[PDB]
Amino acid sequence: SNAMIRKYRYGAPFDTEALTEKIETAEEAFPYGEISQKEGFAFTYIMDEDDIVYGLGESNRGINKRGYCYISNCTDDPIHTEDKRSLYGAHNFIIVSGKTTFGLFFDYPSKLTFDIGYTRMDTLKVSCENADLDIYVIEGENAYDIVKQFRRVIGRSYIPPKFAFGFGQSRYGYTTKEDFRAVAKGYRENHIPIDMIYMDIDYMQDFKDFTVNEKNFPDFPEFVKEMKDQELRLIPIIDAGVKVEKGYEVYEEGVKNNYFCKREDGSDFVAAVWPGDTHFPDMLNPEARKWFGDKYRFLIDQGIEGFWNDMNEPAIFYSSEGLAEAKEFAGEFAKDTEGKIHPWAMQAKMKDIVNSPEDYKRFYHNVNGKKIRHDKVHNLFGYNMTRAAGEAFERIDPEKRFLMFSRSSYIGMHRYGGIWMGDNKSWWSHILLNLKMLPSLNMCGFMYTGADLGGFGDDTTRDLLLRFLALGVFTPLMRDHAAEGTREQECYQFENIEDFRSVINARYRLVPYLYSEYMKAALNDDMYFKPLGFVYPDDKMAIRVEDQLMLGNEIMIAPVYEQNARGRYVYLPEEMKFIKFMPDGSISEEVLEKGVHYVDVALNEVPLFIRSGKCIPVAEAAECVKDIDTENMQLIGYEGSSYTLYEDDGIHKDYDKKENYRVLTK
Ligand SMILES: OCCN1C[C@H](O)[C@@H](O)[C@H](O)[C@H]1CO
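### Here we look at the overall build of the protein
Move 1: Per the secondary structure count, the protein includes 13 helices and 39 strands.
Move 2: In terms of overall size, the protein behaves like a compact globule, its C-alpha atoms giving a radius of gyration of 25 Å where 666 residues would be expected to give roughly 26 Å.
Move 3: Taken over the C-alpha atoms alone, the protein extends approximately 75 × 65 × 55 Å along its principal axes.
Move 4: Sequence-distant contacts in the protein: of pairs separated by 6 or more residues, those separated by 24 or more amount to 72%.

### Examining the domain arrangement of the protein
Move 1: For the protein, the assigned domains are domain 1 (1–156), domain 2 (157–539) and domain 3 (540–666).
Move 2: Counting from both sides, the interface comprises 7 residues of domain 1 and, opposite them, 5 residues of domain 3.
Move 3: For the pairing of domain 1 and domain 3, the buried interface totals around 520 Å² over both sides, and the portion due to carbon and sulfur atoms is 44%.
Move 4: Joining domain 1 to domain 3, the criterion identifies 0 salt bridges.
Move 5: At the boundary of domain 1 with domain 3, the tally comes to 3 residue pairs in polar contact.
Move 6: Classifying every residue of the side of domain 1 that touches domain 3 gives 3 nonpolar, 2 polar and 2 charged.

### A look at the packing of helix α7 (residues 320–335) against helix α8 (residues 343–352)
Move 1: The N-to-C vectors of α7 and α8 enclose an angle of 170°; their axes lie 10 Å apart at closest approach. What the angle tells us is that α7 and α8 run roughly antiparallel. The residues of α8 that touch α7, namely those facing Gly322, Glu325, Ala326, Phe329, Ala330 and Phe333, are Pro343, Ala345, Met346, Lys349 and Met350.
Move 2: Across the contact of α7 with α8, the residue classes tally to 8 nonpolar, 1 polar and 2 charged.

### Let's talk about the site of the ligand
Move 1: Taken together, 13 residues surround the ligand, and among them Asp200, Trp274, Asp310, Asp423 and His481 come closest.
Move 2: In this structure, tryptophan 274 approaches the ligand through a side-chain N or O atom, which is 3.0 Å from an oxygen atom.
Move 3: For the ligand, an oxygen atom lies 2.4 Å from a polar atom in the side chain of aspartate 423.
Move 4: Look at the ligand: alone it shows 360 Å² of surface, and the protein chains cover 93% of it.

### Section: the side chain of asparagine 660
Move 1: Here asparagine 660 is to be found in the loop between β38 (642–646) and β39 (661–665).
Move 2: In terms of polar contacts, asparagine 660 uses its side chain to reach the backbone carbonyl oxygen of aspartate 654, at 2.9 Å.
Move 3: Among residues more than four places away in sequence, those in contact with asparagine 660 are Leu645, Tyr646, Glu647, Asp648, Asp654 and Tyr655.

### So, the packing of aromatic side chains
Move 1: Per the counting criterion, the structure on display carries 56 aromatic pairs.
Move 2: With centroids separated by 6.2 Å and ring planes inclined at 50°, the aromatic side chains of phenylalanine 43 and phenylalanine 106 adopt a geometry described as tilted. In this pair, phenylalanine 43 is assigned in strand β3 (residues 41–46) and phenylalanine 106 in strand β8 (residues 102–107), connecting sequence segments 63 residues apart.
Move 3: Its relative accessible area of 0% is what places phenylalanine 43 among the buried residues.
Move 4: Taking the centre distance of 4.8 Å and the plane angle of 35° together, the rings of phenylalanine 393 and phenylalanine 402 count as tilted.
Move 5: Across from the ring centre of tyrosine 198, 4.8 Å away, lies the NZ or CZ of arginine 479, which sits over that ring.

### What about the pairing of strand β32 (residues 576–581)?
Move 1: Of all the 6 residues making up β32, 6 are buried; the element is thus mostly covered by neighbouring parts of the structure.
Move 2: Burial of β32 is two-sided: the residues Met576, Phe578 and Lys580 facing one way and the residues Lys577, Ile579 and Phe581 facing the other way are all buried.
Move 3: Taken together, the 6 bridges between β32 and strand β33 (residues 587–592) define a ladder with antiparallel strand orientation. Note that in β33 the partner of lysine 580 across the bridge is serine 588.

### As for the sheet that holds strand β15 (residues 242–243)
Move 1: Taken in spatial order, the 4 strands line up as β15-β17-β16-β19 in an open sheet, and their pairing is antiparallel. At either margin of the open sheet sits one strand with a lone partner, and together these are β15 and β19 (318–319).
Move 2: Of the pairings in the sheet, the one linking β15 to strand β17 (residues 276–279) comprises 2 bridges and is antiparallel in character. Bridging from a neighbouring strand, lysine 243 pairs with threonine 278 of β17.

### What about the sheet that holds strand β2 (residues 34–36)?
Move 1: Here we have 5 strands laid out as an open sheet, ordered β2-β3-β10-β9-β5, and antiparallel in their pairing. The sheet terminates laterally at β2 and β5 (68–72), the two strands that pair on one side only. On average, each strand axis in the sheet is tilted by 15° relative to the strand beside it, whichever way the strands run.
Move 2: Pairing of β3 with strand β10 (residues 123–128), which is carried by 6 bridges, proceeds in the antiparallel orientation. Note on β10: the bridge partner recorded for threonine 44 is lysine 125.

### Details of the pattern of salt bridges
Move 1: For the structure shown, the criterion picks out 40 salt bridges.
Move 2: Linking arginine 120 and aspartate 122 is a salt bridge whose minimum nitrogen-to-oxygen distance equals 3.2 Å.
Move 3: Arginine 120 gets classed as exposed once you look at its relative accessible area, which sits at 54%.
Move 4: The partly exposed category is assigned to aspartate 122, whose relative accessible area is 27%.
Move 5: The closest approach of N and O atoms between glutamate 639 and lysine 666, which form a salt bridge, is 3.5 Å. Here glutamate 639 is found in the loop between β37 (634–637) and β38, whereas its partner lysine 666 is found in the segment after β39, with 27 residues between them in sequence.
Move 6: What emerges from the salt-bridge pattern is a single network uniting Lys228, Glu231, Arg233, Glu305, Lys400 and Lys626.

Scoring rules and cut-offs
- Residues numbered from 1 in each chain as written, not as in the entry; some residues may be left out.
- Heavy atoms only, no water.
- Residues with missing side-chain atoms left out of burial classes, pairs and counts.
- Helix = DSSP H or I, 4+ residues; strand = E, 2+ residues; numbered from the N terminus.
- Rg over C-alpha atoms; globule rule 2.2 N^0.38 Å.
- Contact = heavy atoms within 4.5 Å.
- Domains from an automatic or database assignment.
- Buried area = accessible area lost by both parts, 1.4 Å probe.
- Salt bridge = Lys/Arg side-chain N within 4 Å of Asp/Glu carboxyl O.
- Polar contact = N/O pair within 3.5 Å; in protein donor to acceptor, adjacent residues only side chain to side chain.
- Nonpolar A, V, L, I, M, F, W, Y, C, P; charged D, E, K, R; others polar.
- Axes fitted to C-alpha atoms, helices over the stretch in contact; angles between N-to-C directions.
- Parallel < 35°, antiparallel > 145°, perpendicular 65-115°, else oblique.
- Near = heavy atom within 4 Å.
- Areas by Shrake-Rupley, 256 points an atom, 1.4 Å probe, with all protein chains shown as cover.
- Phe/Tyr/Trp six-rings, centres within 6.5 Å; stacked < 30°, edge-to-face > 60°.
- Buried < 20%, exposed > 50% of the residue type's maximum accessible area, 1.4 Å probe, protein only.
- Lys NZ or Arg CZ within 6 Å of the ring centre and 35° of its normal.
- Pairing = 2+ DSSP bridges.

As structure tokens, this is what we get:
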């Protein structure tokens, strides 16, 4: 069993349950580089100058990770600039690819530093404070094989309901029924396809998890039905923090049953987030997990079929301890007359209390009757929150798939939900960031993923949103989302709405193909998006391409990500058909041979490339997933080619039936 994977154990590792496959502890010396326990733990490896390093799932910068530093330490940071070392995810899988090729999974739940050529260009160094971890070494002939080995042992990826392959609209600010009705009307009356509207935190009663503002929604199930009758499914948010409030059932049950994270003295740790003071459910405690997950029944019973989990790093605006320190410092500042306490020292203190490393040392988890300080298992919180929900869905309705995705994650969580790429910005560079994160996430098991289209923070423009949407066409999560106070970002808020209808039409025409590829990849522990080097390993030009991706085994995508651009350069590793969905509803095709090309792609055109000897089915445009006609779709691509289409009811879990597959021949 497991010939190509070995597990090297150091110290007394916390069981993260990342792997579903049990691997015995190897007894020989670590097989690559050098291991040191002199100062905590460190792995050091000298790379060949041609080596490529893949992996790290949701992390900064590019597909080839060489040339910077990455720290796995789930952090709420809304400014994703090139300098940042830590985002929301901790995905500790890397592959060194070159003359010598191997994969490593560092199963460690705390702060883990990947120095990938940052300090010295030839040096890979992975280090942490405590030598209590399992390291899995995965052997293979090439990077792709190694990923496929890893994907097997971590267990099958989460599978969403088919409606989740539609388009979704979201905004931090939708509050009332009139707000949601205006979104519904803005899309439906302009014939723009859409299947989901997300409800952000304002739908709750005073930000209380598992409540609904009954002044705004006096009969919430009727409203959910009003929307669902128009094939619009409401997707509400759930946050990590449970408001401290007398008589609020979730809070009262958590205190009484000791389901919250505690301080050293056993009192319930107070974290201030949106509701003000809150407690955090002890996500690492099975009983607390079951309790918290069960609460989703509150919304499910009202007709809700999907959720998103937010703030689950967990984010902290301040603790009671931090606020007191802050107010004391402020007092000294206010009465200084000697210029001893400067305004930036005050400013620094205010910043310091947010997501404070000290705060993460102030609370504990109850695991196996043992108290574990949170910092030591920090990266497992978001993971276990989403696990709580996922495990509850199986108890609540085991026949049914629910839409579920989370902000923070760790490998293992991919079994229970997807992720969205968090708080990006209305920056052109974030289209590229969205693109590059995709294959890396697929390597670590996270297939259902995407970014806030148009950009979350700051102000978008008509053309940025259109180019963002055109990449979104291909990402399983396709959601336009925007921050409070930003320029309105709904498709109907711009001139010439027909261009938005055109781009989102392309998504819906491609839904049968994209869903089919997702399912075939998920069911077979394979990738939906792949770097070119996985498909064309013998092409030195191909292995270094980072702004094109292969999807399934049929197509390649290459989005435009420059403002004012009317096309872009591409490298084709084999002959392909260059395809564009045109604003008049037609599909243009042009055969292009292997090599470098500049392709013209207008703002309202959606491009893709179909590989030699392949074809894909394309449906006529429909305005919701339910209405897509998959009976005799048109086949686009090469004569003589065939395609195996996976199709099921999109709702239940009857995956292994011959009726789910049909061969289409062009
Ligand atoms: O502190 C902010 C909390 N949230 C962060 C999420 O990333 C974002 O998508 C969401 O709109 C927002 C409000 O719910």
